[PDB]
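Residue numbers (the numbering used here), protein chains in the order written: chain G, 67 to 240; chain W, 67 to 240; chain C, 67 to 240; chain F, 67 to 240; chain Y, 67 to 240; chain A, 67 to 240.
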Ligand SMILES: [Mg+2]
Ligand SMILES: [Mg+2]
Ligand SMILES: [Mg+2]
Ligand SMILES: [Mg+2]
Ligand SMILES: [Mg+2]
Ligand SMILES: [Mg+2]
């Protein structure tokens with residue numbers, strides 16, 4: 067019954083990795099939601115919509131790397147339902163950015179508990195994997211979103227009106 | 067309250083399009099499941115896994131075209147939960163292909179009810195849209211999967227063993 | 067017994083499409099006839115013969131698209147005899163052009179009854195197909211032949227003699 | 067007396083298409099008017115003037131496609147007077163954009179009545195034509211103008227003064 | 067109230083230039099009419115239709131240069147209705163050419179009264195403008211149309227029938 | 067009444083060549099039939115369908131060379147009905163190949179009687195023509211089909227199931 071390729075892969079880890087897969091697919095669905103919002107004809111911020119559409123595609127690629135890992139180690143993937151996003155209508159460019167940042171910190175929090183459970187089961191390949199592909203880029207994302215939120219607040223979003231518009235063109239529009 | 071760009075777009079259609087979006091995202095999740103299965107170390111059919119991974123990416127692109135349509139016409143997108151796939155373990159290459167085909171016919175059935183409701187509300191742009199981008203490629207998909215299922219059955223899958231292996235290399239491996 | 071790929075394809079349509087296939091193959095045979103006539107050593111209008119030979123090849127390509135359609139939808143093709151053309155000897159360049167035009171209108175008339183029967187069975191993919199590939203180019207053909215017949219009559223074909231000759235070089239000879 | 071190429075083309079449609087031609091030429095004249103306004107030495111928004119000049123040229127190209135259609139089907143074109151635009155002086159960038167949008171919806175409304183009259187006379191080629199070349203791009207225009215009006219209002223046009231200026235450079239100036 | 071850029075621009079000239087704009091737009095509409103006529107399925111002279119379509123596009127470009135001039139000098143543009151062309155059906159290639167020539171002489175006559183009114187108000191820039199861009203090319207047009215009318219009459223249009231046909235291919239078809 | 071270019075062309079030959087034209091058009095229709103069969107969604111052998119579609123196009127080119135010959139020698143072409151193929155459904159890849167081979171031998175048999183009748187009327191150009199363009203390639207076709215039938219039988223078609231599938235990819239799929 068155990069996989070021919072299975073070696074030093076504890077059950078508690080296999081279960082934790084399945085939960086992290088469901089968490090990345092759900093983040094991917096949240097960015098997709100926001101992207102729909104900024105494409106609305108009475109919000110109309112195209113560069114915001116392209117920005118979150120890209121984040122969406124990147125999160126779906128994190129889920130699939132984890133899907134490969136779990137097959138390489140001889141664990142089995144058990145998919146669950148992907149819950150709908152907290153809300154449909156996201157108010158403003160600055161409110162969507164602050165939720166993105168809150169979301170991205172929670173994904174980060176779960177990877178750090180994942181890493182703490184692999185260190186305490188003595189699984190070095192799994193740890194190295196999380197470190198090399200997840201923890202580092204998750205810290206670059208948070209820092210970037212932290213900077214976007216800072217700039218928008220300074221320019222006086224959302225009360226200013228010209229702030230998101232200029233932000234859309236200069237910072238997100240390359 | 068009604069969108070500035072809204073014109074000849076009945077409520078019953080806006081609701082139908084939201085349900086079709088949830089149906090494409092769910093198909094996308096089912097292909098993703100199958101792809102995980104053929105990558106398993108004790109199934110090991112790489113060209114099958116690449117085939118369904120591509121179908122997965124294509125269905126997620128159908129959902130996003132529909133997301134654009136609904137914004138262009140001034141309707142609003144209301145995302146629901148995406149339910150987990152019927153099963154986790156898909157038996158064989160021929161059983162996965164027969165379920166793919168059964169799935170793809172149900173997506174087709176819902177587009178034909180969508181088109182019947184747009185014709186009976188007199189919405190010509192919505193009809194043209196469904197016809198030009200959905201109904202045609204949905205018929206090419208079904209015909210292709212119908213042919214794959216036919217060949218596999220003839221070569222004697224799944225009892226033969228060499229049938230999926232050869233099928234994987236010649237028909238799916240370009 | 068019913069095809070695995072068959073869906074929303076009424077028997078009355080499958081029968082109508084078979085009759086339209088026989089009608090395109092017969093048109094293809096009529097153009098082939100005319101082309102033989104203008105190659106005759108005592109008619110001798112080479113650019114007329116090249117013109118109808120091309121129309122012949124185009125009609126045989128319409129029949130084969132319809133042959134593909136009927137297989138994609140899971141209907142079955144039932145070929146009949148192709149009847150010989152009304153006549154062997156076609157008098158003149160202007161008489162051959164007026165028969166071509168009368169022929170091309172009858173092909174058009176049958177596609178419009180085909181489309182009226184698919185709309186009344188609720189088959190949207192079949193309708194879109196006929197519209198996108200048949201009705202439009204059938205209207206461009208009729209308009210072109212209508213213009214050729216007009217010019218020839220004006221220049222005084224067939225009594226003039228120099229009219230077809232000049233027509234052969236300037237309008238049909240690029 | 068009836069055209070040699072005429073087939074399944076009802077009189078009521080020929081009359082409707084003539085009225086739609088006069089409607090596109092009149093829209094073309096309105097955009098030309100606005101373009102003159104933004105070139106005025108005491109408005110001075112060059113990128114607005116280039117934007118409406120282009121819309122003007124596009125509408126004159128819609129009228130000529132319809133002029134071709136009506137000749138291909140063997141109807142006759144009956145040109146009327148083109149009435150002068152509602153006003154000469156258009157106040158602001160945001161007021162010109164809101165009138166453009168109101169205009170573009172009325173052109174859309176007339177194409178949808180045109181399509182409803184071709185469906186009820188059973189003219190499939192005419193319907194396909196309107197759908198494929200008019201209804202789709204008319205919906206992309208409305209959505210775009212809807213977005214421009216939204217942005218300008220948000221930035222605080224016309225009271226702001228810097229809003230149109232920045233809008234002219236970033237959104238319309240490529 | 068007077069424009070900041072206005073200098074040596076008499077009211078009587080501003081009014082004359084507005085009337086010349088309406089005259090070029092009306093000529094543009096007349097050529098458009100003729101072009102529709104030669105595209106008719108029972109006239110069928112394609113190179114005649116391309117010839118007048120081009121003249122149409124050129125006249126619409128003369129109107130827009132005048133629209134720029136009037137803005138550069140700080141006058142205001144007051145658009146009127148564009149009246150429908152004298153007739154719908156233009157008989158023959160030679161009759162359409164003789165009306166084109168009569169039209170083009172009347173446009174010329176109005177530019178010469180325009181120039182006589184700018185010389186008698188002492189406006190040198192306006193005079194130079196009319197001379198450099200209008201009077202010269204208006205004389206080349208008349209001479210060309212004069213030559214086309216001469217040739218057609220000689221070959222025996224419209225009684226000959228082969229005359230317009232050959233004319234269409236050799237003189238207008240490059 | 068006799069053609070100006072007619073020389074040493076006996077009536078009995080002109081009649082024989084007309085019958086051979088009808089025989090090539092009928093072979094062309096039979097290959098077209100088979101090609102439709104292998105494109106069926108429950109046969110599904112694409113490389114077989116491409117193979118017979120090509121043979122179809124080649125036979126229609128043999129008929130047209132003969133149509134040219136008969137015009138060059140000053141005979142007249144008298145087209146007959148093209149009869150429908152013996153059957154609609156062709157069982158298997160090996161059964162279709164054995165009928166193709168039986169068909170291709172009968173075409174060969176008629177060319178050899180044609181050549182025997184031209185030698186006994188003393189028509190050397192007609193003989194050379196048949197020899198140089200027909201008899202040689204007809205012998206290469208038969209030998210090829212003879213080899214395909216041999217291989218399929220050896221691999222154990224049609225009972226094997228994997229035989230046609232592999233044959234489709236290696237021998238017919240280049
Ligand atoms: Mg991640
Ligand atoms: Mg789809
Ligand atoms: Mg056709
Ligand atoms: Mg339009
Ligand atoms: Mg001029
Ligand atoms: Mg042959």
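Note that beta-carbon positions come from the ideal geometry of N, C-alpha and C, so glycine has one too.
I'd like to confirm the pairing. Which residues does DSSP put opposite residue 148 (chain A) in its beta bridges? C:148
Less than 7 angstroms separating the Cβ of residue 200 (chain Y) from some heavy atom of ligand 5? Yes, ligand 5 has a heavy atom inside 7 angstroms of this Cβ.
In three-state terms, what does DSSP make of residue 78 (chain C)? Residue 78 (chain C) carries a helical assignment under DSSP once its states are collapsed to helix, strand and coil.
Under 8 angstroms between C-beta atoms of residue 123 (chain F) and residue 201 (chain C): No. Outside cutoff.
Count the other CB atoms, across all protein chains shown, that sit within 10 Å of the CB of residue 216 (chain C); report buried if there are 16 or more and exposed otherwise. buried
For chain Y, check one thing: does any of its Cβ atoms lie closer than 8 angstroms to the Cβ of residue 208 (chain F)? no
Neighbour-count burial assignment, residue 71 (chain A), 16 or more Cβ in a 10 Å radius: Exposed.
Hey, would you say the C-beta of residue 121 (chain Y) is under 7 angstroms away from at least one heavy atom of ligand 5? no
Neighbouring residues, chain C, relative to residue 140 (chain A) (Cβ below 8 angstroms): 107
Continuous alpha helix (DSSP H) stretch holding residue 115 (chain F): start and end: 112-138
Using 8 angstroms as the threshold, is the C-beta distance between residue 181 (chain C) and residue 196 (chain C) below it? yes
Could you tell me which uninterrupted alpha helix (DSSP H) segments, each at least 4 residues in length, are contained entirely in the stretch 138-211 of chain G, listed from first to last along the chain? Complete alpha helix (DSSP H) runs here, min 4: 159-185, 190-196.
Would you say residue 78 (chain W) lies against chain F (beta-carbon separation less than 8 angstroms)? It does not; no Cβ of chain F falls within 8 angstroms.
Ignore the nearest five residues each way along the sequence and tell me which others in residue 167 (chain A)'s own chain have a CB closer than 8 angstroms to its CB. In the same chain as residue 167 (chain A), and ignoring 5 residues on each side of it, the C-beta atoms closer than 8 angstroms to its own belong to 208, 211, 212, 215, in chain order.
Starting from the Cα of residue 119 (chain W), find the closest Cα among W:134, W:147, W:101, W:113 and give me that residue. W:101
Under 8 angstroms, Cβ to Cβ, is there at least one residue of chain W near residue 227 (chain A)? yes
Within chain F, partners of residue 187 (chain C) - CB distance below 8 angstroms: Under the 8 angstroms cutoff, chain F gives no residues; its nearest Cβ is about 15 angstroms from residue 187 (chain C).
With DSSP run on the structure shown, which of helix, strand or coil describes residue 242 (chain G)? With chain G covering only 67 through 240, there is no way to say anything about residue 242 (chain G).
Would DSSP call residue 98 (chain G) helix, strand or coil? Helix at residue 98 (chain G).
Mark residue 227 (chain C) as exposed unless 16 or more other C-beta atoms lie within 10 angstroms of its C-beta, in which case mark it buried. exposed
My assumption, with CB atoms under 8 angstroms, is that residue 88 (chain F) sits in contact with residue 178 (chain C). Please give the rounded CB distance. With a Cβ gap of about 29 angstroms, residue 88 (chain F) and residue 178 (chain C) do not count as contacting.
Please find out if some non-hydrogen atom of ligand 3 comes closer than 7 angstroms to the beta-carbon of residue 181 (chain C). Relative to ligand 3, the beta carbon of residue 181 (chain C) is positioned no closer than 7 angstroms to any heavy atom.
Quick one: does the C-beta of residue 90 (chain Y) sit closer than 7 angstroms to a heavy atom of ligand 5? yes
Is it true that the stretch 131-141 of chain A meets the stretch 95-113 of chain A, where meeting means three or more beta-carbon pairs spaced less than 8 angstroms apart? Taking 8 angstroms as the limit for Cβ pairs, the verdict is that the stretch 95-113 of chain A does not touch the stretch 131-141 of chain A.
Which class does residue 85 (chain G) belong to by DSSP, given the choice of helix, strand or coil? Secondary structure at residue 85 (chain G): helix, using DSSP grouped into helix, strand and coil.
Span of the alpha helix (DSSP H), counted from its first residue to its last, around residue 225 (chain Y): Counting along the chain, residue 225 (chain Y) falls outside any alpha helix (DSSP H), and DSSP gives it neither H nor E.
Is residue 232 (chain F) closer than 8 angstroms to residue 248 (chain F) when the C-beta atoms are compared? It is not possible to answer for residue 248 (chain F), since the shown part of chain F is limited to 67 through 240.
Interface residues of chain F around residue 158 (chain C) at Cβ under 7 angstroms? Within chain F, no residue comes near residue 158 (chain C); the closest Cβ sits about 17 angstroms away, beyond 7 angstroms.
I want to verify the contact list: residues of chain W whose CB lies under 7 angstroms from the CB of residue 110 (chain A), in sequence order. 213, 216, 217
Is residue 143 (chain Y) close to chain F, meaning its C-beta is less than 8 angstroms from at least one C-beta of that chain? yes
Looking at chain F, is there any beta carbon in it that lies within less than 8 angstroms of the beta carbon of residue 149 (chain Y)? yes
In three-state DSSP terms, what is residue 234 (chain C)? helix
Classification of residue 146 (chain A) by the beta-carbon crowding that lies within 10 angstroms, buried from 16 upward: exposed
Can you pull the chain C neighbours of residue 103 (chain Y), defined as C-beta to C-beta under 7 angstroms? Neighbourhood of residue 103 (chain Y) in chain C, by CB distance below 7 angstroms: empty, with the nearest CB roughly 13 angstroms away.
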